[PDB]
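Student: Okay, here's the structure, questions in a sec.
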Amino acid sequence: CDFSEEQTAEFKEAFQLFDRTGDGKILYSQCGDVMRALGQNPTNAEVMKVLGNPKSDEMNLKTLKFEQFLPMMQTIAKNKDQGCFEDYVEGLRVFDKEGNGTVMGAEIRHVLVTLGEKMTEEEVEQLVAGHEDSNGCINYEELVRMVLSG
Amino acid sequence: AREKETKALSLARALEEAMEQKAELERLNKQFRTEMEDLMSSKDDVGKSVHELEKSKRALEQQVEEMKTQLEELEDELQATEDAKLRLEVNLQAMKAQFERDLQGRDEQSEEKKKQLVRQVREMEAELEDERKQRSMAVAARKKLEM
Amino acid sequence: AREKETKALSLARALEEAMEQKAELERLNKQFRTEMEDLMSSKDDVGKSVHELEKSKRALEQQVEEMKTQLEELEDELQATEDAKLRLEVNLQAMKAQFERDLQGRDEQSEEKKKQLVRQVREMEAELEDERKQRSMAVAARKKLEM
Amino acid sequence: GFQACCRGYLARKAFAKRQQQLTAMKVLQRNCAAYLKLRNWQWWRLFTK
Amino acid sequence: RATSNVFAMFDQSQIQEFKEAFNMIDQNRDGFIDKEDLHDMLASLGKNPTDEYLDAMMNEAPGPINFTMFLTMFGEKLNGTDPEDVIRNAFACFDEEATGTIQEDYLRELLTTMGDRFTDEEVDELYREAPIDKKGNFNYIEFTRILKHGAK
Amino acid sequence: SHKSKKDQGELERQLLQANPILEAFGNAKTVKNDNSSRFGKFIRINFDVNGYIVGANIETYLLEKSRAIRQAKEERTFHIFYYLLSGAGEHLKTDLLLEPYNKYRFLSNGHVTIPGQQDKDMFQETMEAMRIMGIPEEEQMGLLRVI
Amino acid sequence: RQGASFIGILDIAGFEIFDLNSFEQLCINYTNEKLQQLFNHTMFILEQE
Ligand SMILES: [Mg+2]
Ligand SMILES: [Mg+2]
């Protein structure tokens with residue numbers, strides 16, 4: 001495998017933190033959580049593709065191991081379709097009306113819930129939380145800068 | 001490739017384990033060579049050298065026993081540092097617990113202060129702000145009188 | 001995929017060679033073990049009264065070296081643990097700076113937000129009070145039109 | 001593309017909360033583990049008085 | 001066990017309190033604890049009871065209990081425990097809202113779904129000699145004091 | 001107020017239950033329909049900058065108060081009159097001094113039931129709605145006594 | 001008690017017709033006619049303006 005052992009040890013240590021799985025295994029639905037916590041930013045489509053296009057019911061009746069999870073993360077790191085933050089900060093400007101580097105939080109919540117891969121109301125609230133202001137607007141630039149540092 | 005890659009990982013671990021056993025067996029086999037050579041040379045020894053070496057065994061035995069003191073002392077520092085490290089790691093954890101609450105406390109103070117400060121200013125933003133609608137309505141009402 | 005299969009299949013050859021190479025040490029160790037017992041048993045028969053101390057000498061030599069390795073290994077763990085706690089201690093000390101810069105540091109920031117509110121309420125009330133004066137002019141205009 | 005960073009930020013943030021929370025539970029169960037055998041210690045309840 | 005300096009185990013305040021207690025629990029102060037002094041202390045504390053079963057524990061330690069042996073046997077059993085401030089700080093992690101009480105079922109689930117899995121019997125044993133409200137609510141802020149046996 | 005700790009807030013329940021009470025206290029059956037709202041309302045649901053509901057202000061316009069005095073044939077008055085007369089028990093009847101339907105002269109049509117509706121259950125539903133809204137028992141008792 | 005905007009939901013009494021009307025029915029009809037006139041206005045006249 002084209003992956004050093006130094007970071008592999010830390011990856012194994014992080015994967016062993018779940019525990020709640022019977023033993024050294026991992027569920028299909030919980031695979032994305034461990035894949036996104038270690039690093040990278042895979043999408044739902046990418047997760048379903050690397051997982052071999054699992055069935056709807058297969059996401060809760062089977063479990064994988066680490067020998068199969070390592071190549072998944074390897075491919076996600078090597079092969080990816082993400083992009084830098086320069087394109088993200090410029091994409092959110094489409095919703096800016098006045099053009100003063102601010103956008104309404106409700107519009108961002110709606111765009112995140114409907115447009116794209118859709119997100120639950122529990123996640124969008126935590127995402128937009130903290131950036132509350134008097135005018136109810138959230139600077140997309142600061143939002144992207146904070147999300148990139150996460 | 002991903003499925004076959006798992007076989008390489010299992011084979012790599014087995015190769016490393018097999019290679020480790022070869023190195024361990026090499027040291028064991030090499031030890032027998034030196035041990036066997038000492039047996040043949042010990043039989044043809046002069047004799048007096050055997051008794052002389054015994055005098056050094058008691059001195060060397062004390063060194064092995066003395067090593068237990070350093071081993072226990074080294075383990076003590078390792079256990080003392082590890083034991084103290086747990087209290088140090090829990091210190092940052094305890095401070096981190098308050099750090100998360102202290103951070104929210106500052107927001108609570110601002111939210112608590114605003115509950116009264118913004119409340120008093122909000123009053124001016126109600127009857128006085130309503131004057132804006134009344135002022136705008138006054139122009140409309142005055143427009144009716146002007147009409 | 002073929003490269004991974006070839007690499008995985010080629011890795012099996014290395015594992016097989018290691019097992020075959022390590023297998024020689026296993027058979028060689030077994031043969032040396034049998035010869036070691038013969039030399040050890042034959043040595044005691046020639047003169048166990050003097051050769052008995054020689055057997056402990058070889059074990060004491062290996063034990064003395066084992067104690068050194070244990071002390072050296074403990075040092076690598078002691079210094080690592082003693083240095084690892086320093087990282088956690090430095091982290092606690094480094095985090096302590098954030099305790100006064102984030103938590104305690106928010107005092108000047110949290111108070112600024114509360115102080116800004118007291119300054120915003122005055123500015124808001126000033127604009128509201130000033131805007132209320134315009135209502136008198138607007139009401140005066142409506143009242144003036146009534147006259 | 002941006003939703004991935006938002007989803008990963010939550011998993012990373014939630015993972016960090018679980019990492020520190022897991023270590024916090026260790027001190028809780030550890031403090032309660034020794035407390036069990038220590039609870040039934042005749043010398044403890046007598047000394048606490 | 002981990003043999004080492006018995007003074008480096010307990011904190012300054014802890015060792016000071018232990019020494020002050022050892023200097024007090026002694027009808028005839030002389031650096032030597034016997035069964036007579038313990039029996040007299042128990043008789044004075046519990047209104048003159050007599051528990052002859054406590055004498056079966058002296059065999060655990062080499063002969064009578066000495067102040068050094070006393071600190072040693074205190075440290076061998078108090079290992080792993082921490083002060084009350086750190087315990088409260090760690091407890092503050094959960095709840096978040098900081099209500100001072102947590103559900104008993106939630107605590108049982110937490111104590112058996114991460115780290116050292118505690119059996120149901122071990123979790124139930126922690127409630128066979130303490131009060132509890134009918135509406136659940138595990139008063140942790142108040143249970144911290146009972147944990148140190150600072151009552152009865 | 002949707003968020004991670006999603007839960008049916010009290011404001012939503014109050015806004016949902018404020019409609020039945022007003023209906024029971026204003027609506028009345030007519031020849032055109034069994035639920036004829038004899039009053040026009042204007043629910044002013046306020047919204048903050050974030051879009052979350054924060055308050056509601058209802059304003060009634062034109063209240064047909066003349067219906068409680070007299071009605072037409074094949075019609076009924078305010079539903080509260082029948083709800084109280086039905087759901088009232090022994091203690092409530094003795095306290096409010098209620099009487100049968102044929103005794104009151106305001107009820108020209110007497111006791112008229114609505115197809116698929118039981119006043120005994122509608123009274124309990126209205127009482128539960130009033131209790132959930134935030135009205136104490138003394139205010140409900142006073143309202144029933146006034147009725 | 002603070003809001004940036006609001007949504008005023010109206011539900012006045014519809015057109016009421018009985019064998020014997022009174023002042024209440026007259027007011028209801030007047031309100032219905034006013035609402036219909038405002039609707040027609042906002043639909044046709046404001047657009048042309
Ligand atoms: Mg004594
Ligand atoms: Mg109606």
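Identifiers in this document derive from the order of the structure tokens: chains are assigned A, B, ..., residues are numbered from 1 separately in each chain, and ligands are numbered from 1 in order of occurrence.
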Quick one: superpose chain B on chain C on all Cα atoms, same order, and give the RMSD.
Tutor: 7.7 Å
Student: Could you list, as number ranges by chain, the residues of chain B having an atom within 10 Å of chain A when counting only C-alpha atoms?
Tutor: B: 1-3, 5-10, 12
Student: Name each residue within 10 Å of ligand 1, counting only C-alpha atoms and all ligand atoms, as a tab-separated table (two decimals) with N, CA and C atoms, in the first residue's frame.
Tutor:
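Output below, filename selection.tsv:
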chain	number	residue	atom	x	y	z
E	22	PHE	N	-3.57	10.01	61.43
E	22	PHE	CA	-2.80	8.99	62.14
E	22	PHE	C	-2.39	9.49	63.52
E	23	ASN	N	-2.07	10.78	63.64
E	23	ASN	CA	-1.70	11.33	64.93
E	23	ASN	C	-2.88	11.41	65.89
E	24	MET	N	-4.11	11.42	65.38
E	24	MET	CA	-5.31	11.50	66.20
E	24	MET	C	-5.84	10.12	66.58
E	25	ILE	N	-6.00	9.23	65.60
E	25	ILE	CA	-6.52	7.89	65.85
E	25	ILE	C	-5.47	7.09	66.60
E	26	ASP	N	-5.32	7.36	67.90
E	26	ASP	CA	-4.35	6.65	68.72
E	26	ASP	C	-4.53	7.00	70.19
E	27	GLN	N	-5.06	6.06	70.98
E	27	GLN	CA	-5.22	6.30	72.41
E	27	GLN	C	-3.87	6.47	73.10
E	28	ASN	N	-2.84	5.77	72.63
E	28	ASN	CA	-1.49	5.86	73.17
E	28	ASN	C	-0.55	6.12	71.99
E	29	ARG	N	-0.43	7.39	71.61
E	29	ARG	CA	0.39	7.77	70.46
E	29	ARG	C	1.82	7.29	70.63
E	30	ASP	N	2.28	6.43	69.71
E	30	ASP	CA	3.65	5.93	69.79
E	30	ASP	C	4.13	5.32	68.47
E	31	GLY	N	3.44	5.57	67.36
E	31	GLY	CA	3.83	5.01	66.08
E	31	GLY	C	3.64	3.52	66.01
E	32	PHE	N	2.51	3.03	66.54
E	32	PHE	CA	2.22	1.60	66.54
E	32	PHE	C	0.73	1.43	66.78
E	33	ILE	N	0.01	0.93	65.78
E	33	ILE	CA	-1.43	0.74	65.86
E	33	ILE	C	-1.71	-0.70	66.25
E	34	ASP	N	-2.57	-0.89	67.25
E	34	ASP	CA	-2.94	-2.21	67.74
E	34	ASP	C	-4.46	-2.36	67.65
E	35	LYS	N	-4.92	-3.58	67.95
E	35	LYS	CA	-6.35	-3.85	67.89
E	35	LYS	C	-7.10	-3.18	69.04
E	36	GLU	N	-6.43	-2.96	70.17
E	36	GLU	CA	-7.10	-2.33	71.31
E	36	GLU	C	-7.52	-0.91	70.99
E	37	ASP	N	-6.64	-0.14	70.35
E	37	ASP	CA	-6.97	1.24	70.01
E	37	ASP	C	-8.12	1.29	69.01
E	38	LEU	N	-8.09	0.42	68.00
E	38	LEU	CA	-9.18	0.39	67.02
E	38	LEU	C	-10.50	0.01	67.68
E	64	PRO	N	1.47	-5.69	63.14
E	64	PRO	CA	0.65	-4.49	63.39
E	64	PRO	C	0.82	-3.42	62.33
E	65	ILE	N	-0.13	-2.50	62.25
E	65	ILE	CA	-0.13	-1.45	61.23
E	65	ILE	C	0.67	-0.27	61.76
E	66	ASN	N	1.65	0.17	60.98
E	66	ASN	CA	2.44	1.35	61.30
E	66	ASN	C	2.06	2.50	60.37
E	67	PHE	N	2.44	3.72	60.77
E	67	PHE	CA	2.10	4.89	59.98
E	67	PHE	C	2.58	4.74	58.54
Student: Under the rule of at most 12 Å, produce a per-residue listing of chain G near ligand 2: chain, number, name, the closest pair of atoms, and the distance in Å, as a tab-separated table, using only C-alpha atoms and all ligand atoms.
Tutor:
residue	atom	partner	partner_atom_place_in_ligand_line	distance
G:10	CA	ligand 2	1 (Mg)	10.2
G:11	CA	ligand 2	1 (Mg)	6.5
G:12	CA	ligand 2	1 (Mg)	6.6
G:13	CA	ligand 2	1 (Mg)	5.3
G:14	CA	ligand 2	1 (Mg)	6.8
G:15	CA	ligand 2	1 (Mg)	10.2
G:16	CA	ligand 2	1 (Mg)	10.6
G:28	CA	ligand 2	1 (Mg)	11.3
Student: Based on the selection just made, write N, CA and C atoms of those residues as a short mmCIF file (atom, residue, chain, number, x, y, z; two decimals), in the first residue's frame.
Tutor:
data_model
loop_
_atom_site.label_atom_id
_atom_site.label_comp_id
_atom_site.auth_asym_id
_atom_site.auth_seq_id
_atom_site.Cartn_x
_atom_site.Cartn_y
_atom_site.Cartn_z
N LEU G 10 -55.72 36.44 7.36
CA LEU G 10 -57.07 36.97 7.49
C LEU G 10 -58.10 35.87 7.26
N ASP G 11 -59.21 35.97 7.98
CA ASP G 11 -60.30 35.00 7.87
C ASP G 11 -61.60 35.68 8.32
N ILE G 12 -62.02 36.70 7.57
CA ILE G 12 -63.24 37.43 7.89
C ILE G 12 -64.44 36.53 7.60
N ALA G 13 -65.63 37.01 7.95
CA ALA G 13 -66.85 36.25 7.72
C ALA G 13 -67.26 36.35 6.26
N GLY G 14 -67.46 35.20 5.63
CA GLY G 14 -67.86 35.17 4.24
C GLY G 14 -69.22 35.79 4.01
N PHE G 15 -69.62 35.81 2.74
CA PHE G 15 -70.91 36.37 2.37
C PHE G 15 -72.04 35.59 3.04
N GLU G 16 -72.79 36.27 3.90
CA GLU G 16 -73.87 35.66 4.67
C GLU G 16 -75.21 36.15 4.13
N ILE G 28 -71.07 42.36 7.49
CA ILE G 28 -70.34 41.24 6.90
C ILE G 28 -70.27 41.40 5.38
#
Student: Would you list which chain E residues are within 9 Å of chain A using only C-alpha atoms, as a list in words?
Tutor: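 Written out as asked, the residues are residues 113, 114 and 115 of chain E.
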Student: As a count of residues only, could you give me every residue of chain B near chain E (at most 7 Å apart, counting only C-alpha atoms)?
Tutor: 4
Student: Would you return as a PyMOL selection string the members of chain F that DSSP assigns to helix (DSSP H, G or I) on this structure's backbone?
Tutor: chain F and resi 10-26+65-67+79-87+90-96+119-133+137-146
Student: Set out as a tab-separated table a contact list for chain G and stretch 61-81 of chain F with a cut-off of 10 Å, giving each residue of chain G that qualifies its closest atom pair and distance in Å to one decimal, counting only C-alpha atoms, ordered by chain and rising residue number.
Tutor:
residue	atom	partner	partner_atom	distance
G:12	CA	F:61	CA	7.9
G:13	CA	F:62	CA	9.1
G:18	CA	F:72	CA	9.6
G:19	CA	F:72	CA	9.5
G:20	CA	F:72	CA	9.1
G:23	CA	F:64	CA	9.6
G:24	CA	F:64	CA	6.5
G:25	CA	F:64	CA	9.2
G:27	CA	F:62	CA	7.8
G:28	CA	F:62	CA	8.0
G:31	CA	F:62	CA	9.7
Student: May I have the selected residues written with C-alpha atoms, as a compact mmCIF listing (two decimals), in the first residue's frame?
Tutor:
# COMPACT_ATOMS: atom_id res chain seq x y z
CA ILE G 12 -63.24 37.43 7.89
CA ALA G 13 -66.85 36.25 7.72
CA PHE G 18 -80.51 34.65 5.46
CA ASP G 19 -84.27 35.18 5.31
CA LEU G 20 -83.98 38.15 7.71
CA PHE G 23 -76.82 45.18 10.88
CA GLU G 24 -74.42 42.27 11.40
CA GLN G 25 -75.18 40.79 7.97
CA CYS G 27 -71.43 44.72 8.00
CA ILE G 28 -70.34 41.24 6.90
CA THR G 31 -66.43 43.72 4.63
Student: Just list the residues in stretch 20-140 of chain E DSSP gives strand (DSSP E) on the backbone, as a ChimeraX atom specification.
Tutor: /E:101-102,138-139
Student: Mind checking which residues fall within 12 Å of stretch 1-13 of chain F, counting only C-alpha atoms, ignoring those fewer than 3 positions away in the same chain, and posting them as a PDB file with N, CA and C atoms, in the first residue's frame?
Tutor:
ATOM      1  N   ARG A 109     -29.437  28.087   4.899  1.00  0.00           N
ATOM      2  CA  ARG A 109     -30.079  26.886   5.421  1.00  0.00           C
ATOM      3  C   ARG A 109     -30.955  26.231   4.361  1.00  0.00           C
ATOM      4  N   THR A 120     -30.035  17.203   6.999  1.00  0.00           N
ATOM      5  CA  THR A 120     -31.065  17.242   8.024  1.00  0.00           C
ATOM      6  C   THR A 120     -31.055  18.589   8.745  1.00  0.00           C
ATOM      7  N   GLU A 121     -32.182  18.900   9.387  1.00  0.00           N
ATOM      8  CA  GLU A 121     -32.303  20.158  10.112  1.00  0.00           C
ATOM      9  C   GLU A 121     -31.417  20.200  11.351  1.00  0.00           C
ATOM     10  N   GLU A 122     -30.992  19.042  11.861  1.00  0.00           N
ATOM     11  CA  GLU A 122     -30.141  19.026  13.047  1.00  0.00           C
ATOM     12  C   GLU A 122     -28.706  19.410  12.715  1.00  0.00           C
ATOM     13  N   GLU A 123     -28.253  19.122  11.495  1.00  0.00           N
ATOM     14  CA  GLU A 123     -26.886  19.431  11.092  1.00  0.00           C
ATOM     15  C   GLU A 123     -26.741  20.861  10.590  1.00  0.00           C
ATOM     16  N   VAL A 124     -27.716  21.348   9.818  1.00  0.00           N
ATOM     17  CA  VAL A 124     -27.629  22.704   9.283  1.00  0.00           C
ATOM     18  C   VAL A 124     -27.664  23.725  10.413  1.00  0.00           C
ATOM     19  N   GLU A 125     -28.440  23.446  11.462  1.00  0.00           N
ATOM     20  CA  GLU A 125     -28.507  24.363  12.596  1.00  0.00           C
ATOM     21  C   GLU A 125     -27.159  24.454  13.300  1.00  0.00           C
ATOM     22  N   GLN A 126     -26.533  23.305  13.566  1.00  0.00           N
ATOM     23  CA  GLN A 126     -25.217  23.313  14.194  1.00  0.00           C
ATOM     24  C   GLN A 126     -24.175  23.962  13.293  1.00  0.00           C
ATOM     25  N   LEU A 127     -24.324  23.821  11.974  1.00  0.00           N
ATOM     26  CA  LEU A 127     -23.378  24.443  11.055  1.00  0.00           C
ATOM     27  C   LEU A 127     -23.502  25.962  11.087  1.00  0.00           C
ATOM     28  N   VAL A 128     -24.732  26.475  10.985  1.00  0.00           N
ATOM     29  CA  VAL A 128     -24.948  27.922  10.995  1.00  0.00           C
ATOM     30  C   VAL A 128     -24.848  28.524  12.385  1.00  0.00           C
ATOM     31  N   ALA A 129     -24.859  27.704  13.430  1.00  0.00           N
ATOM     32  CA  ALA A 129     -24.775  28.221  14.788  1.00  0.00           C
ATOM     33  C   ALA A 129     -23.420  28.877  15.032  1.00  0.00           C
TER      34      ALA A 129
ATOM     35  N   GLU E  96     -24.489  18.985  29.531  1.00  0.00           N
ATOM     36  CA  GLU E  96     -24.295  20.213  28.767  1.00  0.00           C
ATOM     37  C   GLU E  96     -25.073  21.365  29.392  1.00  0.00           C
ATOM     38  N   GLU E  97     -26.390  21.203  29.536  1.00  0.00           N
ATOM     39  CA  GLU E  97     -27.200  22.241  30.161  1.00  0.00           C
ATOM     40  C   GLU E  97     -26.813  22.472  31.616  1.00  0.00           C
TER      41      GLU E  97
ATOM     42  N   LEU F  16     -51.331  26.687  18.255  1.00  0.00           N
ATOM     43  CA  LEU F  16     -52.219  25.681  17.678  1.00  0.00           C
ATOM     44  C   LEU F  16     -53.529  25.590  18.449  1.00  0.00           C
ATOM     45  N   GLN F  17     -53.476  25.735  19.773  1.00  0.00           N
ATOM     46  CA  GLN F  17     -54.663  25.599  20.607  1.00  0.00           C
ATOM     47  C   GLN F  17     -55.437  26.899  20.771  1.00  0.00           C
ATOM     48  N   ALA F  18     -54.880  28.035  20.348  1.00  0.00           N
ATOM     49  CA  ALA F  18     -55.607  29.293  20.443  1.00  0.00           C
ATOM     50  C   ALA F  18     -56.776  29.383  19.472  1.00  0.00           C
ATOM     51  N   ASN F  19     -56.871  28.476  18.500  1.00  0.00           N
ATOM     52  CA  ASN F  19     -57.926  28.548  17.496  1.00  0.00           C
ATOM     53  C   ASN F  19     -59.189  27.834  17.970  1.00  0.00           C
ATOM     54  N   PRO F  20     -59.092  26.604  18.489  1.00  0.00           N
ATOM     55  CA  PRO F  20     -60.305  25.953  19.016  1.00  0.00           C
ATOM     56  C   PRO F  20     -61.035  26.786  20.056  1.00  0.00           C
ATOM     57  N   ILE F  45     -48.874  36.711  13.029  1.00  0.00           N
ATOM     58  CA  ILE F  45     -47.774  35.846  13.443  1.00  0.00           C
ATOM     59  C   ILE F  45     -46.466  36.569  13.135  1.00  0.00           C
ATOM     60  N   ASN F  46     -45.711  36.901  14.178  1.00  0.00           N
ATOM     61  CA  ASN F  46     -44.444  37.593  14.006  1.00  0.00           C
ATOM     62  C   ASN F  46     -43.322  36.599  13.735  1.00  0.00           C
ATOM     63  N   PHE F  47     -42.287  37.073  13.046  1.00  0.00           N
ATOM     64  CA  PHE F  47     -41.134  36.255  12.704  1.00  0.00           C
ATOM     65  C   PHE F  47     -39.866  37.069  12.901  1.00  0.00           C
ATOM     66  N   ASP F  48     -38.850  36.437  13.487  1.00  0.00           N
ATOM     67  CA  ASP F  48     -37.581  37.100  13.733  1.00  0.00           C
ATOM     68  C   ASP F  48     -36.740  37.118  12.457  1.00  0.00           C
ATOM     69  N   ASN F  50     -34.194  35.345  11.840  1.00  0.00           N
ATOM     70  CA  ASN F  50     -33.864  33.975  11.470  1.00  0.00           C
ATOM     71  C   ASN F  50     -35.052  33.212  10.900  1.00  0.00           C
ATOM     72  N   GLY F  51     -36.265  33.751  11.009  1.00  0.00           N
ATOM     73  CA  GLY F  51     -37.451  33.105  10.489  1.00  0.00           C
ATOM     74  C   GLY F  51     -38.226  32.285  11.496  1.00  0.00           C
ATOM     75  N   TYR F  52     -37.761  32.199  12.739  1.00  0.00           N
ATOM     76  CA  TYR F  52     -38.459  31.429  13.758  1.00  0.00           C
ATOM     77  C   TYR F  52     -39.601  32.244  14.350  1.00  0.00           C
ATOM     78  N   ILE F  53     -40.722  31.571  14.613  1.00  0.00           N
ATOM     79  CA  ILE F  53     -41.877  32.241  15.194  1.00  0.00           C
ATOM     80  C   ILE F  53     -41.539  32.709  16.603  1.00  0.00           C
ATOM     81  N   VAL F  54     -42.027  33.896  16.959  1.00  0.00           N
ATOM     82  CA  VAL F  54     -41.775  34.463  18.281  1.00  0.00           C
ATOM     83  C   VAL F  54     -43.033  34.970  18.966  1.00  0.00           C
ATOM     84  N   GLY F  55     -44.141  35.153  18.264  1.00  0.00           N
ATOM     85  CA  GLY F  55     -45.354  35.632  18.898  1.00  0.00           C
ATOM     86  C   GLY F  55     -46.475  35.732  17.887  1.00  0.00           C
ATOM     87  N   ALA F  56     -47.688  35.873  18.417  1.00  0.00           N
ATOM     88  CA  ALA F  56     -48.887  35.988  17.600  1.00  0.00           C
ATOM     89  C   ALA F  56     -49.868  36.930  18.281  1.00  0.00           C
ATOM     90  N   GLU F 128     -59.181  21.311  28.028  1.00  0.00           N
ATOM     91  CA  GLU F 128     -57.787  20.899  27.884  1.00  0.00           C
ATOM     92  C   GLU F 128     -56.999  21.915  27.069  1.00  0.00           C
ATOM     93  N   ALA F 129     -57.608  22.458  26.012  1.00  0.00           N
ATOM     94  CA  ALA F 129     -56.930  23.472  25.213  1.00  0.00           C
ATOM     95  C   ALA F 129     -56.651  24.723  26.037  1.00  0.00           C
ATOM     96  N   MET F 130     -57.625  25.154  26.842  1.00  0.00           N
ATOM     97  CA  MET F 130     -57.416  26.317  27.697  1.00  0.00           C
ATOM     98  C   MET F 130     -56.310  26.057  28.713  1.00  0.00           C
ATOM     99  N   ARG F 131     -56.281  24.855  29.291  1.00  0.00           N
ATOM    100  CA  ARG F 131     -55.238  24.528  30.257  1.00  0.00           C
ATOM    101  C   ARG F 131     -53.864  24.506  29.597  1.00  0.00           C
ATOM    102  N   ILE F 132     -53.783  24.002  28.364  1.00  0.00           N
ATOM    103  CA  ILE F 132     -52.500  23.938  27.673  1.00  0.00           C
ATOM    104  C   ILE F 132     -52.042  25.332  27.266  1.00  0.00           C
ATOM    105  N   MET F 133     -52.986  26.211  26.923  1.00  0.00           N
ATOM    106  CA  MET F 133     -52.620  27.564  26.515  1.00  0.00           C
ATOM    107  C   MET F 133     -51.891  28.298  27.634  1.00  0.00           C
ATOM    108  N   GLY F 134     -52.378  28.171  28.866  1.00  0.00           N
ATOM    109  CA  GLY F 134     -51.752  28.819  30.003  1.00  0.00           C
ATOM    110  C   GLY F 134     -52.734  29.576  30.872  1.00  0.00           C
TER     111      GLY F 134
END
Student: Using only C-alpha atoms and a distance of at most 9 Å, pull out the residues of chain D that contact chain B, as an mmCIF file with C-alpha atoms, in the first residue's frame.
Tutor:
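Wrote it out as part38.cif, contents follow:
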data_model
loop_
_atom_site.group_PDB
_atom_site.id
_atom_site.type_symbol
_atom_site.label_atom_id
_atom_site.label_comp_id
_atom_site.auth_asym_id
_atom_site.auth_seq_id
_atom_site.Cartn_x
_atom_site.Cartn_y
_atom_site.Cartn_z
ATOM 1 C CA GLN D 20 -12.463 13.963 24.965
ATOM 2 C CA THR D 23 -11.332 9.922 28.171
ATOM 3 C CA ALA D 24 -13.657 11.668 30.633
ATOM 4 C CA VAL D 27 -11.864 8.784 34.975
#
